[PDB]
Amino acid sequence: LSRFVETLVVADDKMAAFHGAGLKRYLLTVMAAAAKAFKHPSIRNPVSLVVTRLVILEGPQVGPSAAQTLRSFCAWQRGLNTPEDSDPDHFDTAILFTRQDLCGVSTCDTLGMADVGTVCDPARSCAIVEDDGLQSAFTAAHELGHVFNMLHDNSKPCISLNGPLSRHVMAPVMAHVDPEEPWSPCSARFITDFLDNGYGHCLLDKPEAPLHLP
Ligand SMILES: O=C1NC(=O)[C@](CNC(=O)c2cc3cc(Cl)ccc3o2)(c2nccs2)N1
Ligand SMILES: [Ca+2]
Ligand SMILES: [Ca+2]
Ligand SMILES: [Ca+2]
Ligand SMILES: [Zn+2]
């Protein structure tokens, strides 16, 4: 029942250049806020996002293309992991924060990208986030929602699960998130199905040494 995502957090050289000595505290603050969203009852099946490893940056190729940056990061992070979840150095997902302005095919409006429904596949359990300096925890929550198999709330399946009456984490673009319902019914259904179907089998072990905000 209790689920734990052992998370590797990675910050690129641009993050280090900007945030400097306060970077570690900043990343843990961002991740604490994302973790709070994943415990909210609206998600139906809460999970504990636990930072277990923190890397401040050869490394991954970071550039304008969100797609290519994600692929490069996901290839790179594989090398840091271990084969077995029982090894304390093993992690369940990897998230990169960058100051790079990430882009799609026609615009640079995107703030992140992730593989969908990949949380317990070490080869694919990856997300990237463009650090905007204020709302990065919401972007991280959106990308981790995708990692947990969530769709956007304007997708056809979500229409039928959400009802007729853009205020949630899995909105297709960032808008003001409802504090009483960060996750739509569609998001709750998709993460619940995902875990019920056995795709969260790597989330059952408790981490030994979480990184805590002191
Ligand atoms: O993860 C992604 N889904 C996408 O459609 C997008 C763009 N959206 C965001 O960056 C983004 C961040 C965010 C935060 C909240 Cl609270 C709600 C919605 C949000 O959307 C891409 N477009 C093209 C390639 S990737 N990235
Ligand atoms: Ca483990
Ligand atoms: Ca961008
Ligand atoms: Ca695990
Ligand atoms: Zn999305």
# chains A, B, ... in the order shown; residues from 1 in each chain; ligands from 1
>>> residues_near_ligand(ligand="ligand 2", cutoff="12 Å", atoms="only C-alpha atoms and all ligand atoms", output="PyMOL selection string")
chain A and resi 3-8+50-53+81-93+120+122+201-210
>>> write_last_selection(atoms="N, CA and C atoms", output="CSV table (one decimal), in the first residue's frame")
chain,number,residue,atom,x,y,z
A,3,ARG,N,3.8,3.4,-1.0
A,3,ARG,CA,4.7,3.4,-2.2
A,3,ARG,C,5.7,4.5,-2.1
A,4,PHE,N,6.9,4.2,-2.5
A,4,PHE,CA,8.0,5.1,-2.4
A,4,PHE,C,8.8,5.2,-3.7
A,5,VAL,N,8.9,6.4,-4.2
A,5,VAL,CA,9.7,6.6,-5.4
A,5,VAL,C,11.1,7.1,-5.1
A,6,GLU,N,12.1,6.2,-5.2
A,6,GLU,CA,13.5,6.6,-4.9
A,6,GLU,C,14.0,7.4,-6.1
A,7,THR,N,14.3,8.7,-5.8
A,7,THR,CA,14.5,9.6,-6.9
A,7,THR,C,15.9,10.1,-7.0
A,8,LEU,N,16.5,10.0,-8.1
A,8,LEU,CA,17.8,10.7,-8.5
A,8,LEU,C,17.4,12.1,-9.0
A,50,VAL,N,10.7,10.4,-2.8
A,50,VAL,CA,11.8,10.6,-1.9
A,50,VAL,C,13.1,10.8,-2.7
A,51,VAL,N,13.8,11.9,-2.4
A,51,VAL,CA,15.1,12.2,-3.0
A,51,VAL,C,16.1,11.3,-2.3
A,52,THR,N,16.8,10.5,-3.0
A,52,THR,CA,17.8,9.6,-2.5
A,52,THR,C,19.2,9.9,-3.0
A,53,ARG,N,19.3,10.5,-4.1
A,53,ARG,CA,20.6,10.9,-4.7
A,53,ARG,C,20.5,12.2,-5.4
A,81,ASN,N,23.0,4.1,-12.3
A,81,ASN,CA,22.1,3.2,-11.6
A,81,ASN,C,22.8,1.8,-11.4
A,82,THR,N,22.2,1.1,-10.5
A,82,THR,CA,22.7,-0.3,-10.2
A,82,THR,C,21.6,-1.3,-10.7
A,83,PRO,N,22.0,-2.6,-10.9
A,83,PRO,CA,21.1,-3.5,-11.4
A,83,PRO,C,19.9,-3.9,-10.5
A,84,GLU,N,20.1,-3.8,-9.2
A,84,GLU,CA,19.1,-4.3,-8.3
A,84,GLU,C,18.5,-3.2,-7.3
A,85,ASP,N,17.2,-3.2,-7.1
A,85,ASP,CA,16.6,-2.2,-6.3
A,85,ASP,C,16.9,-2.3,-4.8
A,86,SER,N,17.4,-3.5,-4.4
A,86,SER,CA,17.9,-3.8,-3.0
A,86,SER,C,19.2,-3.1,-2.7
A,87,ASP,N,20.0,-2.7,-3.8
A,87,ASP,CA,21.2,-2.0,-3.6
A,87,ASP,C,20.8,-0.6,-3.2
A,88,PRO,N,21.4,0.0,-2.1
A,88,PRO,CA,21.0,1.3,-1.6
A,88,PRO,C,21.2,2.4,-2.7
A,89,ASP,N,22.2,2.3,-3.6
A,89,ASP,CA,22.5,3.3,-4.6
A,89,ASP,C,21.4,3.2,-5.8
A,90,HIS,N,20.6,2.2,-5.8
A,90,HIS,CA,19.6,2.1,-6.9
A,90,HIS,C,18.6,3.2,-6.7
A,91,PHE,N,18.1,3.7,-7.9
A,91,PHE,CA,17.0,4.7,-7.9
A,91,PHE,C,15.9,4.2,-8.9
A,92,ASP,N,14.7,4.7,-8.6
A,92,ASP,CA,13.5,4.3,-9.4
A,92,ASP,C,13.2,5.3,-10.5
A,93,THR,N,13.6,6.6,-10.4
A,93,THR,CA,13.4,7.6,-11.4
A,93,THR,C,14.4,8.6,-11.3
A,120,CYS,N,8.9,2.1,-13.3
A,120,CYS,CA,9.7,1.0,-12.9
A,120,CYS,C,10.5,0.3,-14.0
A,122,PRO,N,14.0,1.0,-15.4
A,122,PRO,CA,15.2,1.8,-15.2
A,122,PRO,C,15.8,2.4,-16.5
A,201,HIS,N,5.8,-2.0,-9.2
A,201,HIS,CA,6.4,-3.1,-8.4
A,201,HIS,C,7.7,-2.7,-7.8
A,202,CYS,N,8.4,-1.6,-8.3
A,202,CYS,CA,9.6,-1.2,-7.8
A,202,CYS,C,9.5,-0.1,-6.7
A,203,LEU,N,8.2,0.2,-6.4
A,203,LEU,CA,7.9,1.3,-5.4
A,203,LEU,C,7.6,0.8,-4.0
A,204,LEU,N,7.9,-0.5,-3.8
A,204,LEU,CA,7.4,-1.1,-2.6
A,204,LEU,C,8.5,-1.1,-1.5
A,205,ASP,N,9.7,-0.9,-1.8
A,205,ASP,CA,10.8,-0.9,-0.8
A,205,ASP,C,11.0,0.5,-0.3
A,206,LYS,N,11.2,0.6,1.0
A,206,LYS,CA,11.4,1.9,1.7
A,206,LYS,C,12.9,2.3,1.6
A,207,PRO,N,13.2,3.6,1.2
A,207,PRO,CA,14.6,4.0,1.1
A,207,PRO,C,15.2,4.1,2.5
A,208,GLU,N,16.5,3.9,2.5
A,208,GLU,CA,17.3,3.8,3.7
A,208,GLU,C,17.7,5.2,4.2
A,209,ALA,N,18.0,6.1,3.3
A,209,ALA,CA,18.7,7.4,3.6
A,209,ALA,C,18.1,8.5,2.8
A,210,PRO,N,16.9,8.9,3.0
A,210,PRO,CA,16.3,10.0,2.3
A,210,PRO,C,17.1,11.3,2.5
>>> residues_around(residues="region 170-176 of chain A", least_positions_apart="5", cutoff="6 Å", atoms="only C-alpha atoms", output="PyMOL selection string")
chain A and resi 142+152-153
>>> write_last_selection(atoms="N, CA, C and O atoms", output="short mmCIF file (atom, residue, chain, number, x, y, z; two decimals), in the first residue's frame")
data_model
loop_
_atom_site.label_atom_id
_atom_site.label_comp_id
_atom_site.auth_asym_id
_atom_site.auth_seq_id
_atom_site.Cartn_x
_atom_site.Cartn_y
_atom_site.Cartn_z
N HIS A 142 4.01 17.63 -13.05
CA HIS A 142 3.43 17.30 -14.37
C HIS A 142 4.24 16.18 -15.05
O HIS A 142 3.67 15.19 -15.55
N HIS A 152 -2.85 14.11 -20.51
CA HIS A 152 -3.36 15.46 -20.32
C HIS A 152 -4.86 15.45 -20.14
O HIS A 152 -5.56 14.61 -20.70
N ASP A 153 -5.35 16.44 -19.39
CA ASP A 153 -6.75 16.48 -19.01
C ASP A 153 -7.70 16.88 -20.14
O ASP A 153 -8.91 16.76 -19.98
#
>>> residues_near_ligand(ligand="ligand 3", cutoff="8 Å", atoms="only C-alpha atoms and all ligand atoms", output="number ranges by chain")
A: 64, 100-103, 107-112, 130
>>> select_by_dssp(residues="region 115-198 of chain A", states="strand (DSSP E)", output="MDAnalysis selection string")
chainID A and resid 126:130
>>> write_last_selection(atoms="N, CA, C and O atoms", output="mmCIF file, in the first residue's frame")
data_model
loop_
_atom_site.group_PDB
_atom_site.id
_atom_site.type_symbol
_atom_site.label_atom_id
_atom_site.label_comp_id
_atom_site.auth_asym_id
_atom_site.auth_seq_id
_atom_site.Cartn_x
_atom_site.Cartn_y
_atom_site.Cartn_z
ATOM 1 N N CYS A 126 12.470 8.578 -16.622
ATOM 2 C CA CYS A 126 13.234 9.820 -16.805
ATOM 3 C C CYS A 126 12.317 10.990 -17.080
ATOM 4 O O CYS A 126 11.299 10.829 -17.757
ATOM 5 N N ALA A 127 12.709 12.157 -16.570
ATOM 6 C CA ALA A 127 12.030 13.422 -16.851
ATOM 7 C C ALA A 127 13.031 14.564 -16.841
ATOM 8 O O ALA A 127 14.062 14.497 -16.168
ATOM 9 N N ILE A 128 12.716 15.602 -17.621
ATOM 10 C CA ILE A 128 13.476 16.843 -17.620
ATOM 11 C C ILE A 128 12.552 18.020 -17.335
ATOM 12 O O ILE A 128 11.373 18.005 -17.696
ATOM 13 N N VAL A 129 13.101 19.015 -16.653
ATOM 14 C CA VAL A 129 12.362 20.204 -16.245
ATOM 15 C C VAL A 129 13.223 21.430 -16.517
ATOM 16 O O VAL A 129 14.371 21.496 -16.091
ATOM 17 N N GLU A 130 12.635 22.397 -17.219
ATOM 18 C CA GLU A 130 13.207 23.731 -17.355
ATOM 19 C C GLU A 130 12.878 24.516 -16.090
ATOM 20 O O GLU A 130 11.707 24.739 -15.783
#
>>> closest_residue(among="A:104, A:145, A:179, A:133", to="ligand 1", atoms="only C-alpha atoms and all ligand atoms")
A:104
>>> atom_distance(atom1="CA of residue 169 (chain A)", atom2="atom 12 (C, counted along the ligand's line) of ligand 1")
8.2 Å
